[PDB]
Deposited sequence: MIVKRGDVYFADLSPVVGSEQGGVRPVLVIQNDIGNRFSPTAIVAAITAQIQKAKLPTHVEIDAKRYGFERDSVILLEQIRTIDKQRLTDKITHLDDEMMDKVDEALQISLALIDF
């Protein structure tokens, strides 16, 4: 499967619930590697509560409800757990993810 950095998918978090997820790993590895590095997404909040958060508008990106990407919550998973590709985020939204990630991992 061709996953791109910026793609958001549903992921299966079972041993064989389902939660949204944001691919953040480089595209070379996203092709020739079994694993993908992702960043969780939740809808229990609608506003950022940290400089490591990026807001997602529901209507703009086809979500049922407003959500927030959690760049403090990152992990590498098997790509096979990626099922439905919900959307893709533009360069604008990914510049936010970038600076939130550098803060989270002290690349500042």
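Just jot down which stretches of the deposited chain sequence have no CA coordinates, in the order they come. Unmodelled stretches, in sequence order: 17-22, 115-116.
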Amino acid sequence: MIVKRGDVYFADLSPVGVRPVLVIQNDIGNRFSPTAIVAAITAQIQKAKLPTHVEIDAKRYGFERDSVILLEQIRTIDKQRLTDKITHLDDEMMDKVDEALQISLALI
From here on, numbers count along this sequence of modelled residues.
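Residue stretch of maximal mean CA temperature factor, 24-32 vs 67-75: Comparing averages over the C-alpha atoms only gives 24-32.
Output the stretch having the higher mean C-alpha B factor in the entry; the candidates are 7-15 and 96-104. Higher of the two, by average CA B-factor, is 7-15.
Residue with maximal Cα B-factor (values as given in the PDB entry) among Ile41, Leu50, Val38, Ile45: Comparing C-alpha B-factors across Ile41, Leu50, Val38, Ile45, the maximum falls on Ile45.
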